[PDB]
Amino acid sequence: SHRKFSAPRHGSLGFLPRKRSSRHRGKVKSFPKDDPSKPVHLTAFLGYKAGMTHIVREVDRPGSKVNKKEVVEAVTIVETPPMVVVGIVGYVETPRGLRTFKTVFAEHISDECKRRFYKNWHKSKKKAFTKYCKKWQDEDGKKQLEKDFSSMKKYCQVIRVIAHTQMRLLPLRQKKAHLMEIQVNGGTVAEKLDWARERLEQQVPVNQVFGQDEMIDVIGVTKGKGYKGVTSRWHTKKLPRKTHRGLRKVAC
Amino acid sequence: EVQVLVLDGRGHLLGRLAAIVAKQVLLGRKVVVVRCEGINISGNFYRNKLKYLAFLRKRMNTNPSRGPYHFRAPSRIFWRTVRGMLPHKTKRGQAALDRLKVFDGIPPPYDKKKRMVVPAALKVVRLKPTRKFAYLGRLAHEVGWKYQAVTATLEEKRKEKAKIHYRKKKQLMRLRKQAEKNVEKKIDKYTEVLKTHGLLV
Amino acid sequence: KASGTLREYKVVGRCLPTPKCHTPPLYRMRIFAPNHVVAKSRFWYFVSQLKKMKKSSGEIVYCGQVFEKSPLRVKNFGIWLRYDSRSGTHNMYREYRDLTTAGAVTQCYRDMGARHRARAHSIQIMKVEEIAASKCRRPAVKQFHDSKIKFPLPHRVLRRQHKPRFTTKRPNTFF
Amino acid sequence: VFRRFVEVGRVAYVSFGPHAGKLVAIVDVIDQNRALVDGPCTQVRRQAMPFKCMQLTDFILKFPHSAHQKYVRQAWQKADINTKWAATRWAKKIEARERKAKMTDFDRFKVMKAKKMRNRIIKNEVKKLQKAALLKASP
Amino acid sequence: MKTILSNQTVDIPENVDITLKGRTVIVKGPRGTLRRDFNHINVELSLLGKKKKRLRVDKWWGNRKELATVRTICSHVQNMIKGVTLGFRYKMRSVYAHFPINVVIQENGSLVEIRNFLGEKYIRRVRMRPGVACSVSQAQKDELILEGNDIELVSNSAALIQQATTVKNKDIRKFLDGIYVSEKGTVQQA
Amino acid sequence: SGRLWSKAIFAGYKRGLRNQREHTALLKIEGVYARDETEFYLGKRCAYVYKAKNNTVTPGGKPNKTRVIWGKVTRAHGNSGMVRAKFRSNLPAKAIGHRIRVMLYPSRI
RNA sequence: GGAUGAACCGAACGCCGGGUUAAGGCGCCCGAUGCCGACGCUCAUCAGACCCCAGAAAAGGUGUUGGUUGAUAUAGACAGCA
RNA sequence: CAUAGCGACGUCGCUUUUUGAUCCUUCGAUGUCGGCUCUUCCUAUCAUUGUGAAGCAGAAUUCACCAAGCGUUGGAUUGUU
RNA sequence: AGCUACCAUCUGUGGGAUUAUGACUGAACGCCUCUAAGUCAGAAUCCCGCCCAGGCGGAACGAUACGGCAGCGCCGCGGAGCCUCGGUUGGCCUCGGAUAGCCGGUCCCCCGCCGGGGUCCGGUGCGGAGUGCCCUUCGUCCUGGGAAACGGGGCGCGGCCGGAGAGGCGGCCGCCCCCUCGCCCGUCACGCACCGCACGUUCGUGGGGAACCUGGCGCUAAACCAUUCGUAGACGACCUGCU
Ligand SMILES: COC(=O)C[C@](O)(CCCC(C)(C)O)C(=O)O[C@@H]1C(OC)=C[C@]23CCCN2CCc2cc4c(cc2[C@H]13)OCO4
Ligand SMILES: [Mg+2]
Ligand SMILES: [Mg+2]
Ligand SMILES: [Mg+2]
Ligand SMILES: [Mg+2]
Ligand SMILES: [Mg+2]
Ligand SMILES: [Mg+2]
Ligand SMILES: [Mg+2]
Ligand SMILES: [Mg+2]
Ligand SMILES: [Mg+2]
Ligand SMILES: [Mg+2]
Ligand SMILES: [Mg+2]
Ligand SMILES: [Mg+2]
Ligand SMILES: [Mg+2]
Ligand SMILES: [Mg+2]
Ligand SMILES: [Mg+2]
Ligand SMILES: [Mg+2]
């Protein structure tokens, strides 16, 4: 029979795999739609949740009760040391989807960046990218690099830059830098490839990507709660006190 | 046959070509189908779209993850259609099913090779001209396939390069006919032999 | 009654002689049957319907095929018949173009079955006659009265679809 | 668009059926599907024939419809269909197919040798013409 | 019943020529060029003479449904001839009870903006079909002049304008406001 | 020097919908797609050639991995050029869709 | 054989080889029409697809195909415009 | 003013959300009302999105179509449905 | 501190084909007509995006094991051999497309000397034809006539170009070494001719796995446990740090 009264469903079906994230960082999964008309600009950045506080400002919203008034709004502090772009990835469009065409890593990879490649940095020989960086010196290696750049120029559709954070600027225990692919938008493929090449081994301060009083999107992994029952996991109704085999359950 | 049979899906009907392919793979033959987005389906487009939406509605109510895997790519759709005509729950069916390869567009392993066309599945001869038909590429595009534009662009590039190859082959054939014209006093002895036995009208 | 390629039969029969009439009258009918046995059966059925005769009560004295007197001449056939539809009995007049009368009757049977779902047992053919082109009333037949008839074969369907089953060239339907 | 028509006096070629490989002349038209068909000189007595086994030609005779065998035969013999047809590319292609099919093993061997030598000479000439056409350099 | 042959011949004036590429009809008149193909109808098109330019539409062995297509093609060809020779001018009159309809003819007549339809604050932005020029009549206070070569495009733009000013949630019989086509006419009146 | 036998495919056993006669088998001779063309191949010896793990004796040669199941085509099947073959031993079902040779040994021409 | 089914259709049974069939079938599953099968009807934005049998009635359609009856008409029908 | 909205006389259907009829399964046991909780589904749609009609001036209302995405509640009485 | 509450606070999104319906052109049916052909708009519906998970599904890149005899990679088709898995028995190296139309060639216009157009000439039951094309294996020895001799062979080296949708491929130069041999018609004899018999004839130096020797060219690392962390947590797993 029908349930005697209708009620909205508990929880969302858009987040059904209620599981621990397979990644600790939090991936983008969709970069903003690129157009060659805009100037070259990065589309993403990395930050660390420093803390929260509140501010006092005056609102300039006509027609509102709080127009030209003082409000107190909570804010969140996100420490963002400048990113260091250390590589370029070019992607090519296929009927099977986007796939990695060619990857070029810059010379002199930062020491904290090299820590990401090792599960045990303490026991490592620190051999990561040692033979790779030697091809930035020999003429045959530079010819190979230029050929890769030309292939990316004439074949790739979208390109992304590898950037890493700076643990030495942060008060965390972890010295392992955070790697990320960041999409480069706003121009022809050759223009953005050259622009990325001029920013290899360089620092990209957060102001160059995001500006004042603009609205952005935040991607992250929520606080872990461990194993939780239906009362907290789905905010279901608690059964009455008289219930025998438990009141923090779903009855049917 | 022993070689790989390459079939062009353009202008071919779904059921007929699928039945022919399923009969072919059962005979221990390797079949590759390219440009599956060019497959036509009889009946007007709205009816076939309704059919595919009805297929979409059929899902396991308890757990849609275990449910019927609705494939959206035109090549994958044709692959599922062929799988419907085979005993794919048996080892023989799976072995036959592994002999079939389907692709959207024409891949580089096959774009430099000639493509067969099945008369018994062509829309031009198996459908009355006054009827309406539905393209597999458009139907897939409006139901959840995502790569129609890039497929069209790659097919455009392949058409450009194929036109270049065709012009080269026309130049070669013109030069061959010219060469046939240049030498015939040293050719007529064999020409009469060939013309005597039917070859070279 | 099934079908095939029908044949005209001039069937002549009569009652058995009785010590009331020593010379019963003869009756002659034209019956279109796949074989002479079916012709005799339909003759008995029709004489039972019209006159007061039975197959046992009478006899058949002649049963031969009626060959077409001009099978090399195109001619117009007018056919009168009655048939039992799903909701009663109706009378029809149909027209056909054929060289043979029996072929015209077969064409009529196939046409009635195709258009009205009329099975052969339900159809009573009552009059078959050659008619002039001036007496034709069906436009589908009258449109063939052209001393200068001319038309192409517009869209020729490929019939040899399996020899070959696989080929490189797409077929041409223009001829 | 259409160059070949079905009409009285049109010569049609029999594709398949009992009379395959024969030339006939259309006498009259029946029910959109059949036609009165007569080959008086190609040994095809008057008979009905479906359109599906016909392939039309470009020879059209001039006799009244439903005429007897005599006038059709005279129209066939005058402006001889046989000799003109035999000179057409269609008839000689059919003849070439027939003689290719009936070719024996010895004939196959001789044809293979002749085609070998012919193709080698043709390819040599093609290479000569390519190298003669490759010496091009002009602003 | 399949009719053996159904044909109709359309005469072409001397100032305009028609070129056929299969079933694609190219009509080039003094007012411009109109091109329209009929690949979806399996008919035969041919030009008859070099003197009077007769165009014939032929359909062989057609049932009842497809026989209607011949005269449809003939009417479309005549409409194209009329457009390339005289053109199509549609006159639409805007009617209103209380709120006058302000019409702004934007760049090149390709965009039409309606301000005070039923007094609502919304602005209706309707873009004309390419090749169709809209304008405000200089002889009438409330009249829109739509000019173009193709009848379908012009009448489609007129229908878009007419449906744009549609009264909603009201008895449309009493509220008769909107822009409606007064007459379908020609340019150059020849 | 030459292939010297016609290519044929073990299509399957003579069978109904729910019954399988394994003592006889159906073959598909390549290029023969009509019943009237099957006359030439009737009575011809047909062999199934495969390899195995252990060496077997070879007539007129050294032992090798080649094994043969002999048979001969009995009569035509269907109307699409199918033929029926009776073998000395019933064909293993793993040979379905594999090569069968028509050896031309009983020449009638 | 009817996918499947105690009763339906065919046909009743020792174990095998060959041949021929019943009822039923012959696009693929799955043996057989890979016949250059014959004639016509039918487009369905819930088409249709075979006894028992597993889904439908009355009433309609200016969709289309036939057929019956009647009527008008170069003494100009019919339809449009006046 | 038959048919905006209804429909007497008659008449044809659909549903298994009522109640009947039967006893085919279950008698070496399928826990029997109701309430709570919770999920999904149906549409013969109450509202909402988009429309058509009215005896639709506006408002309000009714009739009808595409339509089941979203929602359809808090309490006094009664074990109650 | 931590956990926590519309008991505090913040955030919640874009597009496509379209139903109903309203229209356009327009016959059917010299009128009409949203429909027959062809068109337009169109929504809490549908689908996709955003979002969540990520295939017995893929991509690119990194570094790839010693200070001792010690492992590994590549290069040689280098050798002698083993074990195992068997299929197969010439290749075709590619226009786009239409079917009430196509295909080829050529003289004039316009785009980088090649293409797009307008003429003209041909073919069309496709013969510039997949019912098709190429190659075709008995081999050697005299031995002439033709084809060619601006020719082929190089697992011969070096160089270049094109191919990115899965490029795993293809093409072109320079140098060096061969033979004037291979292609057709002829002459001349020879080869185990194994005495009628089957699995013969290829891909093929096939795929995979251990192992020996033979040379050259190069490399010397991670992961996990333990411990530490607490952005994590039932345990695992997860985020960390460790001269
Ligand atoms: C007197 O009321 C009853 O009969 C209920 C009960 O006694 C319940 C006993 C269940 C236990 C667990 C004790 O076996 C019982 O025997 O259930 C039966 C029960 O035993 C399991 C059988 C029925 C028969 C089919 C299903 N089972 C469903 C419950 C039921 C409900 C009834 C009923 C009979 C059944 C039976 O009459 C009126 O309402
Ligand atoms: Mg409810
Ligand atoms: Mg209790
Ligand atoms: Mg049974
Ligand atoms: Mg059944
Ligand atoms: Mg038996
Ligand atoms: Mg069956
Ligand atoms: Mg079969
Ligand atoms: Mg129990
Ligand atoms: Mg229970
Ligand atoms: Mg409903
Ligand atoms: Mg109101
Ligand atoms: Mg929902
Ligand atoms: Mg809250
Ligand atoms: Mg009009
Ligand atoms: Mg509509
Ligand atoms: Mg639209």
# chains A, B, ... in the order shown; residues from 1 in each chain; ligands from 1
$ residues_around --residues "residue E:67" --least-positions-apart "5" --cutoff "9 Å" --atoms "only C-alpha atoms (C1' of nucleotides)" --output "PDB file with N, CA, C and O atoms (P, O5', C5', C4', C3', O3' and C1' of nucleotides), in the first residue's frame"
ATOM      1  N   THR E   3      -0.466   5.717 -61.161  1.00  0.00           N
ATOM      2  CA  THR E   3      -0.602   6.442 -62.414  1.00  0.00           C
ATOM      3  C   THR E   3       0.701   6.357 -63.194  1.00  0.00           C
ATOM      4  O   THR E   3       1.788   6.504 -62.629  1.00  0.00           O
ATOM      5  N   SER E   6       2.416  11.541 -64.436  1.00  0.00           N
ATOM      6  CA  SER E   6       1.764  12.796 -64.079  1.00  0.00           C
ATOM      7  C   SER E   6       2.786  13.907 -64.253  1.00  0.00           C
ATOM      8  O   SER E   6       3.876  13.845 -63.675  1.00  0.00           O
ATOM      9  N   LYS E  59       6.706  12.582 -62.705  1.00  0.00           N
ATOM     10  CA  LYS E  59       6.698  11.500 -61.729  1.00  0.00           C
ATOM     11  C   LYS E  59       6.113  10.264 -62.391  1.00  0.00           C
ATOM     12  O   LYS E  59       4.981  10.299 -62.886  1.00  0.00           O
ATOM     13  N   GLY E  62       3.447   6.642 -59.699  1.00  0.00           N
ATOM     14  CA  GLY E  62       3.227   7.217 -58.384  1.00  0.00           C
ATOM     15  C   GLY E  62       1.867   6.833 -57.828  1.00  0.00           C
ATOM     16  O   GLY E  62       0.880   6.774 -58.559  1.00  0.00           O
TER      17      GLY E  62
ATOM     18  P     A I  28      -4.227  19.894 -56.100  1.00  0.00           P
ATOM     19  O5'   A I  28      -4.400  18.467 -55.414  1.00  0.00           O
ATOM     20  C5'   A I  28      -3.579  17.374 -55.796  1.00  0.00           C
ATOM     21  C4'   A I  28      -3.495  16.338 -54.706  1.00  0.00           C
ATOM     22  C3'   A I  28      -4.815  15.736 -54.258  1.00  0.00           C
ATOM     23  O3'   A I  28      -5.295  14.729 -55.126  1.00  0.00           O
ATOM     24  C1'   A I  28      -3.599  16.388 -52.363  1.00  0.00           C
TER      25        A I  28
END
$ residues_around --residues "residue G:2" --least-positions-apart "2" --cutoff "10 Å" --atoms "only C-alpha atoms (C1' of nucleotides)" --output "PDB file with N, CA and C atoms (P, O5', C5', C4', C3', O3' and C1' of nucleotides), in the first residue's frame"
ATOM      1  P     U G   4       9.498 -24.874 -26.554  1.00  0.00           P
ATOM      2  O5'   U G   4       9.344 -24.539 -25.008  1.00  0.00           O
ATOM      3  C5'   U G   4      10.482 -24.432 -24.167  1.00  0.00           C
ATOM      4  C4'   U G   4      10.128 -23.746 -22.876  1.00  0.00           C
ATOM      5  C3'   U G   4       8.896 -24.288 -22.171  1.00  0.00           C
ATOM      6  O3'   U G   4       9.187 -25.427 -21.380  1.00  0.00           O
ATOM      7  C1'   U G   4       8.764 -21.929 -22.292  1.00  0.00           C
ATOM      8  P     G G   5       8.497 -26.839 -21.707  1.00  0.00           P
ATOM      9  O5'   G G   5       7.085 -26.741 -20.982  1.00  0.00           O
ATOM     10  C5'   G G   5       6.995 -26.256 -19.648  1.00  0.00           C
ATOM     11  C4'   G G   5       5.564 -26.099 -19.201  1.00  0.00           C
ATOM     12  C3'   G G   5       4.676 -27.327 -19.402  1.00  0.00           C
ATOM     13  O3'   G G   5       3.757 -27.431 -18.317  1.00  0.00           O
ATOM     14  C1'   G G   5       3.739 -25.481 -20.529  1.00  0.00           C
ATOM     15  P     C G   8      -4.554 -33.126 -26.095  1.00  0.00           P
ATOM     16  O5'   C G   8      -4.178 -31.609 -26.401  1.00  0.00           O
ATOM     17  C5'   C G   8      -5.180 -30.655 -26.726  1.00  0.00           C
ATOM     18  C4'   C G   8      -4.644 -29.617 -27.675  1.00  0.00           C
ATOM     19  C3'   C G   8      -4.068 -30.162 -28.970  1.00  0.00           C
ATOM     20  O3'   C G   8      -5.068 -30.385 -29.946  1.00  0.00           O
ATOM     21  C1'   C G   8      -2.542 -28.629 -28.007  1.00  0.00           C
ATOM     22  P     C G   9      -5.071 -31.735 -30.812  1.00  0.00           P
ATOM     23  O5'   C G   9      -3.941 -31.480 -31.904  1.00  0.00           O
ATOM     24  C5'   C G   9      -4.038 -30.389 -32.804  1.00  0.00           C
ATOM     25  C4'   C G   9      -2.878 -30.367 -33.763  1.00  0.00           C
ATOM     26  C3'   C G   9      -2.317 -31.724 -34.146  1.00  0.00           C
ATOM     27  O3'   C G   9      -3.067 -32.386 -35.146  1.00  0.00           O
ATOM     28  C1'   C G   9      -0.544 -30.290 -33.566  1.00  0.00           C
ATOM     29  P     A G  23       1.819 -31.751 -42.432  1.00  0.00           P
ATOM     30  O5'   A G  23       1.699 -30.888 -41.101  1.00  0.00           O
ATOM     31  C5'   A G  23       0.682 -31.161 -40.151  1.00  0.00           C
ATOM     32  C4'   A G  23       1.113 -30.770 -38.763  1.00  0.00           C
ATOM     33  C3'   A G  23       1.771 -29.406 -38.641  1.00  0.00           C
ATOM     34  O3'   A G  23       0.841 -28.339 -38.587  1.00  0.00           O
ATOM     35  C1'   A G  23       3.097 -30.993 -37.534  1.00  0.00           C
ATOM     36  P     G G  24       1.042 -27.055 -39.531  1.00  0.00           P
ATOM     37  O5'   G G  24       2.432 -26.442 -39.056  1.00  0.00           O
ATOM     38  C5'   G G  24       2.609 -25.997 -37.721  1.00  0.00           C
ATOM     39  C4'   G G  24       4.062 -25.998 -37.322  1.00  0.00           C
ATOM     40  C3'   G G  24       4.931 -24.948 -37.983  1.00  0.00           C
ATOM     41  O3'   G G  24       4.790 -23.675 -37.383  1.00  0.00           O
ATOM     42  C1'   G G  24       6.035 -27.034 -38.041  1.00  0.00           C
ATOM     43  P     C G  51      -1.093 -19.667 -33.061  1.00  0.00           P
ATOM     44  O5'   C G  51      -2.626 -19.606 -32.630  1.00  0.00           O
ATOM     45  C5'   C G  51      -3.651 -19.383 -33.587  1.00  0.00           C
ATOM     46  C4'   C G  51      -4.767 -20.385 -33.432  1.00  0.00           C
ATOM     47  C3'   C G  51      -5.229 -20.642 -32.004  1.00  0.00           C
ATOM     48  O3'   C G  51      -6.238 -19.726 -31.616  1.00  0.00           O
ATOM     49  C1'   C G  51      -4.953 -22.701 -33.195  1.00  0.00           C
ATOM     50  P     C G  52      -6.262 -19.093 -30.142  1.00  0.00           P
ATOM     51  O5'   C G  52      -6.183 -20.354 -29.171  1.00  0.00           O
ATOM     52  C5'   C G  52      -7.338 -21.135 -28.894  1.00  0.00           C
ATOM     53  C4'   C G  52      -7.004 -22.319 -28.023  1.00  0.00           C
ATOM     54  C3'   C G  52      -6.300 -21.992 -26.715  1.00  0.00           C
ATOM     55  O3'   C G  52      -7.231 -21.690 -25.691  1.00  0.00           O
ATOM     56  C1'   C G  52      -5.167 -23.763 -27.831  1.00  0.00           C
ATOM     57  P     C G  53      -6.871 -20.647 -24.526  1.00  0.00           P
ATOM     58  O5'   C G  53      -5.948 -19.568 -25.242  1.00  0.00           O
ATOM     59  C5'   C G  53      -5.611 -18.359 -24.575  1.00  0.00           C
ATOM     60  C4'   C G  53      -4.387 -17.708 -25.166  1.00  0.00           C
ATOM     61  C3'   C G  53      -4.425 -17.474 -26.675  1.00  0.00           C
ATOM     62  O3'   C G  53      -3.776 -16.243 -26.976  1.00  0.00           O
ATOM     63  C1'   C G  53      -2.543 -18.787 -26.122  1.00  0.00           C
TER      64        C G  53
END
$ select_by_dssp --residues "stretch 22-145 of chain E" --states "strand (DSSP E or B)" --output "number ranges by chain"
E: 24-29, 32-37, 44-47, 54-62, 88-95, 103-105, 111-114, 124-127, 133-136, 144-145
$ atom_distance --atom1 "atom CA of residue E:37" --atom2 "atom CA of residue E:86"
21.3 Å
$ atom_distance --atom1 "atom CA of residue A:111" --atom2 "atom CA of residue A:198"
21.0 Å
$ select_by_dssp --residues "chain E" --states "alpha helix (DSSP H)" --output "ChimeraX atom specification"
/E:64-85,151-164
$ interface_residues --of "chain B" --to "chain I" --cutoff "9 Å" --atoms "only C-alpha atoms (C1' of nucleotides)" --output "compact mmCIF listing (two decimals) with C-alpha atoms, in the first residue's frame"
# COMPACT_ATOMS: atom_id res chain seq x y z
CA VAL B 2 41.40 -15.74 -43.81
CA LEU B 53 14.68 5.94 -24.69
CA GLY B 105 34.90 6.76 -37.97
CA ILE B 106 37.78 5.02 -39.71
CA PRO B 107 40.92 4.42 -37.61
CA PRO B 108 44.46 4.83 -39.01
CA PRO B 109 44.91 1.03 -39.07
CA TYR B 110 42.04 0.90 -41.57
CA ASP B 111 41.83 4.28 -43.34
CA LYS B 112 44.64 3.24 -45.71
CA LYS B 113 42.76 0.10 -46.79
CA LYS B 114 39.76 -0.56 -48.99
CA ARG B 115 36.35 -1.13 -47.41
CA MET B 116 33.74 -3.70 -48.37
CA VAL B 124 19.40 2.39 -51.08
CA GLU B 142 21.08 13.29 -28.97
CA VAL B 143 20.96 10.36 -26.51
CA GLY B 144 24.30 10.70 -24.75
CA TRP B 145 27.20 10.20 -27.14
CA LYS B 146 29.68 13.02 -26.66
CA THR B 151 34.59 12.47 -35.10
CA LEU B 154 38.71 13.69 -38.00
CA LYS B 159 38.59 12.82 -46.46
CA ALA B 162 42.02 10.47 -49.13
CA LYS B 163 41.22 13.05 -51.82
CA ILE B 164 44.94 13.75 -52.15
CA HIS B 165 45.61 10.01 -52.47
CA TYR B 166 42.82 9.73 -55.04
CA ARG B 167 44.28 12.55 -57.13
CA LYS B 170 44.28 9.33 -60.95
CA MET B 173 46.32 5.84 -63.96
CA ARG B 174 46.45 8.62 -66.56
CA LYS B 177 47.01 4.83 -70.01
CA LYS B 186 55.69 -4.22 -78.71
CA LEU B 200 40.80 -6.72 -71.65
CA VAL B 201 37.78 -6.04 -73.86
$ residues_near_ligand --ligand "ligand 1" --cutoff "8 Å" --atoms "only C-alpha atoms (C1' of nucleotides) and all ligand atoms" --output "PyMOL selection string"
chain H and resi 26+29-32
$ decode --residues "stretch 59-75 of chain D" --atoms "N, CA, C and O atoms" --output "tab-separated table (two decimals), in the first residue's frame"
chain	number	residue	atom	x	y	z
D	59	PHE	N	18.02	0.31	-79.07
D	59	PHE	CA	17.43	0.05	-80.37
D	59	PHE	C	15.91	0.02	-80.25
D	59	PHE	O	15.36	-0.72	-79.44
D	60	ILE	N	15.24	0.84	-81.06
D	60	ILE	CA	13.79	0.94	-81.06
D	60	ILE	C	13.29	0.63	-82.46
D	60	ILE	O	13.67	1.31	-83.42
D	61	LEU	N	12.43	-0.37	-82.58
D	61	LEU	CA	11.82	-0.70	-83.85
D	61	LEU	C	10.55	0.10	-84.05
D	61	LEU	O	10.05	0.75	-83.13
D	62	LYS	N	10.03	0.07	-85.27
D	62	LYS	CA	8.86	0.85	-85.66
D	62	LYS	C	7.85	-0.08	-86.32
D	62	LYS	O	7.85	-0.26	-87.54
D	63	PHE	N	6.99	-0.68	-85.50
D	63	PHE	CA	5.87	-1.48	-85.97
D	63	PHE	C	4.68	-1.20	-85.08
D	63	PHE	O	4.85	-0.82	-83.91
D	64	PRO	N	3.46	-1.36	-85.59
D	64	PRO	CA	2.28	-1.19	-84.75
D	64	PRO	C	2.24	-2.23	-83.64
D	64	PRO	O	2.71	-3.36	-83.79
D	65	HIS	N	1.66	-1.82	-82.52
D	65	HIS	CA	1.52	-2.72	-81.38
D	65	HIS	C	0.58	-3.87	-81.72
D	65	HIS	O	-0.36	-3.71	-82.50
D	66	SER	N	0.86	-5.04	-81.14
D	66	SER	CA	0.05	-6.25	-81.32
D	66	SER	C	0.00	-6.68	-82.78
D	66	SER	O	-0.97	-7.30	-83.23
D	67	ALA	N	1.05	-6.37	-83.53
D	67	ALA	CA	1.17	-6.87	-84.89
D	67	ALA	C	1.63	-8.32	-84.87
D	67	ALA	O	2.14	-8.83	-83.86
D	68	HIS	N	1.46	-9.00	-86.00
D	68	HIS	CA	1.81	-10.40	-86.09
D	68	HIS	C	3.33	-10.57	-86.20
D	68	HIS	O	4.10	-9.61	-86.20
D	69	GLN	N	3.76	-11.83	-86.28
D	69	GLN	CA	5.18	-12.14	-86.32
D	69	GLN	C	5.84	-11.61	-87.58
D	69	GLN	O	7.03	-11.29	-87.57
D	70	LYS	N	5.09	-11.52	-88.68
D	70	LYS	CA	5.67	-11.16	-89.96
D	70	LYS	C	6.25	-9.75	-89.93
D	70	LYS	O	7.41	-9.53	-90.27
D	71	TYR	N	5.44	-8.77	-89.51
D	71	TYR	CA	5.88	-7.38	-89.54
D	71	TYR	C	7.01	-7.14	-88.55
D	71	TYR	O	7.94	-6.39	-88.85
D	72	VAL	N	6.93	-7.75	-87.37
D	72	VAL	CA	8.01	-7.61	-86.39
D	72	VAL	C	9.30	-8.22	-86.93
D	72	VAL	O	10.38	-7.66	-86.77
D	73	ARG	N	9.20	-9.38	-87.59
D	73	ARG	CA	10.39	-10.00	-88.16
D	73	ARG	C	10.99	-9.15	-89.27
D	73	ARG	O	12.22	-9.03	-89.37
D	74	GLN	N	10.15	-8.55	-90.12
D	74	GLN	CA	10.67	-7.66	-91.15
D	74	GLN	C	11.32	-6.42	-90.55
D	74	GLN	O	12.37	-5.97	-91.02
D	75	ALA	N	10.71	-5.85	-89.51
D	75	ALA	CA	11.32	-4.70	-88.85
D	75	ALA	C	12.62	-5.07	-88.15
D	75	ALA	O	13.50	-4.22	-87.99
